[PDB]
Each structure stands twice: as structure tokens, then as C-alpha cells.
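Undergrad: no sequence for this one, just the structure:
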Ligand SMILES: [Zn+2]
Ligand SMILES: [Zn+2]
Ligand SMILES: [Zn+2]
Ligand SMILES: [Zn+2]
């Protein structure tokens, strides 16, 4: 369950090596094994096309903000989806204007969809409840209304300790069913056993925070708070922190420090400036690591376990 | 002077091997050495970025029609142009709606340009006169208003035959200047020489026809008429001619036959269906060739001399 597949990792504009923003979320569930997409910069559909993922599995698309490097690319994807035989329904979630944009693009281009498409203009707060996980939007600091997304899968109820029960005399099968239900079923050995003393340790869910572009901000800490994996931009190095901050971006240290401040398992930085070359990106990594060793650099097509 | 650089050659949707439509026209002139772009499907700017062409030289963009596979990609290019330091002015020519599309995209995405941008809603007829060449729009048969573009460079006035003059006694230099002007300057050898009898054979210009998507149509022959190079779609093979024609497309034979009918030097087919693989595209080529041997298959990044 839960995989991140980076399609684009470049700030603002594409480069020979990194395409603009798009992050894929593979949700491997027993009955919810679908695909989710966070952002859609130009070329996203191309990027996808080169992977073996089934474009049909993708059912939801979450846009953080409407800047070209996170949005242009969506109209083409929608048309390509339809031109394939995909008919599985699709839902887009994003800030106001998202609907006007998509509609206009489709209108003028003489396009449609042969699959039901639902566009949802969102705002801060819970966005949806899978029944298995919930997504929550958090407002960030950026030139355009921009949301971060916290994806949390509800905690799994603690399961019965089969071994402990077997140890206690309860045989597998018959009264096993009942003890499962909760019944305080008594044993032929003259002894009552309350299944509630064996349904131990209810495993907590995995927590993921995919941020939208942002400079330091209040809500930032909430989104991050103890999440397993935190995806955060690191557009510029420390010496450019002011430049970054002025445009709604964060510096290497700012991201790492927030990681630390929020006690998150792993930090994945992206949206790196086209100004830095491969080595420059390793220098960015070092900056983050020397303030939070558990940081990694995303790359086009790089994968991550939540 | 005059080069075609194909950026995308795929019908409707991108593929692992061919991107959607975009054709580059390199105009190498003594004082007009700029770049021209015909169509802008998604990924066009990416495609460009991988070539050594100076994106700054590009000053004009011609859109045949507004279908996504010829249009999405334009907004991203404009933003990237501006994000570089490009300031050289840019002009877009295309059917109605082109302006509304570009503007809306830029508005919603919170973008601008730091270079003057001129959008021009066109219709049939001459589009511009370079002074060196003229571009003319021709209406075609397709689900959306779609124009073909004839680019003709005016004929070069015949130059003076230096040799013939030297043969006739006229020395290089002095009276050479005058004979150039037209003066019937007389020679010391007692003899008048009218420069008009030496300014021989006025070389005709090169003629290029970049078609937009189309099924057979009346105007098609005009656009094509004797042009040096004819770029025409060949979306489907002969056995699919009806399917093709029903959607505003042409079959292999239809394109070749029009080539022949119009007496054009070379035929370059593109906008091939993602349905055909490499071999299938060679089968498409054969079809064209057996009705007009001078046909070639465009490929992403393939170049052509007009
Ligand atoms: Zn961005
Ligand atoms: Zn942004
Ligand atoms: Zn087309
Ligand atoms: Zn079309």
C-alpha cells in the first residue's frame, strides 16, 4: 500500500533532465488499488506514457495551484484518456478557476470526454474520505491560492492475537468466530474468555504530505506534523533563500528544518530550480541532510515507499 | 534558405516514438534569419529544448486549427519563452478562439510575458508579406476551422550577367555600376550597351505548403499547386480511407494523388496514426510512393530542405 512515483521534478520550466511537476500516488489496496495524481505540468501525460502503469487505474487528480508548471498538461491528459477507451470515471480537485480552465480548454479545442468527469473547486479542509483514507487540503504561502495535501489512511483496528488465544486454550475455528465478534465466550474448561483482551495493538495508518509550492508559512507545520513521508519543494539553496521566499518558495534549509520541526519519517525534496545541474542538486541534498539526515532528492521516475 | 525541422509527427495523441504535431521552419536569410513554428501540440517546447536551435530566433507561430494535438503546448511555450530572458517580440496567427484560449490560459495560471505578444485571429487569404516572402492561409476540410499555409518567397530579380558583359567589352567597376542601374551606357569603343540585355533569367522563389489536418477538399489543390515541398497528413492507410475522410483526414493514396495532381517537387507525410508501428509506417510510405515516388515520411527531429 502507498507508493510515490515522480513524473516531473522541475521548478517552473522543463529541462533536458527534469520535466515540470507531477507526482503519482499508487494506492495498492485490497479493494481500492487505484492511481492518484498530484499536479499535471506540461508533458505529464508523456512522462506517464513511458511507464508501465495502467492509465486506466487513475481515477482522481489533485491540483495544488494553477501555475502553468503544475497545470498545462491537464487538458491534454484528459483528451488522451478519452481517446484511449478509458471510461472509468475521473475526479479533479483544485482551487477556483480549475473548472473554468479545463472547460474553456475543452470547449475551444472541440474536445469532450467519453468518461464521466467531475471537477471540484476546493478550499482548506478535508477533501474526501475513502473509507480507507482521508485527504485534507492545507493553504500555503504562494503567489496563487495553493494547497498542500495530507493523505492519511485510517488506523487499522487491532486484530485478535491468535497465538495468545491458542496459548490460553481457545482452539481455532468455532468459538474463534465469536471471540472475533467480541463475545465473552466461555471455554468448556470452565473459564470465560473476553475477546477484548486479545484484540491487541491497533496499528496506526501511514501519513503522507504532498506539499504545493510554498515559502515558510503557518499551516505548513500542521500538514507536516508526524507524517511518514513529506514531499516538499526545495527550489533554491540557502544563499538564495530570500529570492526563494519572495516568490513563494523555500530554501534547502527551510525545508529540512520544517521536516525536523514536524518530526516526519522521511523528507523528499523536489521542484528544484533549472539553475542547478546534477552536482548542484547534490549540493542541495547535502544542505538538507545536514539539518535532517533523512532527506532524499526526487527524480523523474524515481519511486518511494510511504 | 528554408528548412523544415519536424518536432512532432503524431496524429491526435503522443506516443513513445512520436510526439503530437509541431513543425519548425528555419528561414535562413541575409537579414531575416529567424524561426517560424507551425502548430504547437503538447510537449512542443520539450521537443525544442532538446535541439540546439536558439529559442530566441523564433518570432512567429502559425496555428492551423485549435484541436488539442496542435494547440495544448502553446501556453507552456509562451511562459517558458518569457521565463528565459527572451524579449524579442512574438506573433501568433490562428483561427478564431486562438486569442481567447491563450488569454484565458495565461489569466488563470497567473502568467504574463515580458516580450510583446501579438495574437492574430485569421481567415482565408494572404496573412503577411515579409518583403522577402508571403504567407497565405487556405481553408481545409476538418471538424474545426483549419487552415493550410502556403509560404512563397518572392522571385529574385534577374542579376546582370557579368561574364556576358565582360565578353562584350564592359570592364568591371565604373560603367558596371551604371549598367547595373539600367543605364544604356555607351562604351569608349564606340558602342551603346543596354544593361537590360544582360540582366538575365529572374530566378523564381521556393514554394512551400504546410497543410493543416484535412480530408479531401477543393482549396487543397490551390495550396499545393506547383509548390517545391508539400507537407500533408497521411493519417490512415488506404483500407481506412473512409474512416479517415469521416474525421477530416486523408488516406495515404489521397495525399500522394493530390501531390501528383498538383505537380509538387516533394511530398512529406505526417500526422500518422498511433495505430501504426514503425513497419506500418513504412507500409504507409510504400502506398504513397506507388502513386508519387517523391514522398517521404517525417519523423521527430527529421530535417528537410525546401
Ligand atoms: Zn511550481
Ligand atoms: Zn507555482
Ligand atoms: Zn490533428
Ligand atoms: Zn485536428
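TA: Sure, I can see it. Numbering: from 1, shown residues only, chains lettered A, B, ... in the order given. Ligands and ions are numbered 1, 2, ... in the order given.

Undergrad: Could you use CA atoms for every contact and neighbour count after this?
TA: Will do.

Undergrad: Count the neighbours of the spatially closest residue to residue A:133 that is not a sequence neighbour for me.
TA: Nearest in space to residue A:133, with sequence neighbours left out and distances taken as Cα to Cα, 6 or more residues apart in numbering or on different chains, is residue A:153 at 3.5 Å. Burial of residue A:153, expressed as a neighbour count using other Cα atoms under 10 Å in any protein chain shown, amounts to 20.

Undergrad: Tell me if I'm right that residue A:153 and residue A:128 touch.
TA: No - judged on Cα atoms under 8 Å, residue A:153 makes no contact with residue A:128 at a distance of 11.4 Å.

Undergrad: still on that earlier bit, tell me the phi and psi of the residue nearest to residue A:133?
TA: In terms of degrees, to the nearest 10, the main-chain angles of residue A:153 are phi -90, psi 130.

Undergrad: and it, what is it in contact with?
TA: Contact criterion Cα atoms under 8 Å, 6 or more residues apart in numbering or on different chains gives A:132, A:133, A:134, A:205, A:206, A:207 as the residues in contact with residue A:153.

Undergrad: For the spatially most central residue of chain A, name its beta-bridge partners.
TA: Taking Cα atoms, centre = their mean as the criterion, residue A:210 is the residue nearest the geometric centre of chain A, at 4.9 Å. According to DSSP bridges, the partner residues bridging residue A:210 are residue A:149, residue A:231.

Undergrad: and it, what does it touch?
TA: For residue A:210, the residues meeting the contact criterion (Cα under 8 Å, 6+ apart) are A:38, A:148, A:149, A:150, A:151, A:230, A:231, A:232.

Undergrad: The first one and residue A:26 touch, don't they?
TA: Read that as residue A:38. No - the pair residue A:38 / residue A:26 is not scored as a contact, 11.1 Å apart, by Cα under 8 Å.

Undergrad: ok, now which ones touch residue A:257?
TA: Counting by Cα under 8 Å, 6+ apart, residue A:257 touches A:291, A:292.

Undergrad: Could you look up the SS state of it?
TA: Per DSSP: H, G, I helix; E, B strand; the rest coil, the secondary structure class of residue A:257 is helix.

Undergrad: Hmm, residue A:196 and residue A:157 touching each other?
TA: No - the criterion here is Cα under 8 Å, and residue A:157 misses it with residue A:196 at 11.8 Å.

Undergrad: So between those two, which is more surrounded?
TA: More neighbours sit around residue A:196 than around the other of residue A:157 and residue A:196, counting by other Cα under 10 Å; the figures are 16 against 12.

Undergrad: circling back: distance check, the residue nearest to residue A:133 against residue A:267.
TA: 19 Å (Cα to Cα, to the nearest Å).

Undergrad: Also residue A:93?
TA: Applying Cα to Cα, the value for residue A:93 to residue A:267 is 25 Å.

Undergrad: So which of the two has more stuff around it?
TA: Neighbours per residue, other Cα under 10 Å: of residue A:93 and residue A:267, the larger number sits with residue A:267, 28 against 21.

Undergrad: got the residues of the stretch 51-200 of chain A near chain B?
TA: Contacts of the stretch 51-200 of chain A with chain B, taken as Cα under 8 Å from any Cα of the partner chain, map to A:66-69, A:71-73, A:75-76, A:79-80, A:83, A:97, A:101, A:104-105, A:108-111, A:144.

Undergrad: Show the buried residues in those residues.
TA: A:66-69, A:71-73, A:75-76, A:79-80, A:101, A:104-105, A:108-109, A:111, A:144 (16 or more other Cα atoms under 10 Å in any protein chain shown).
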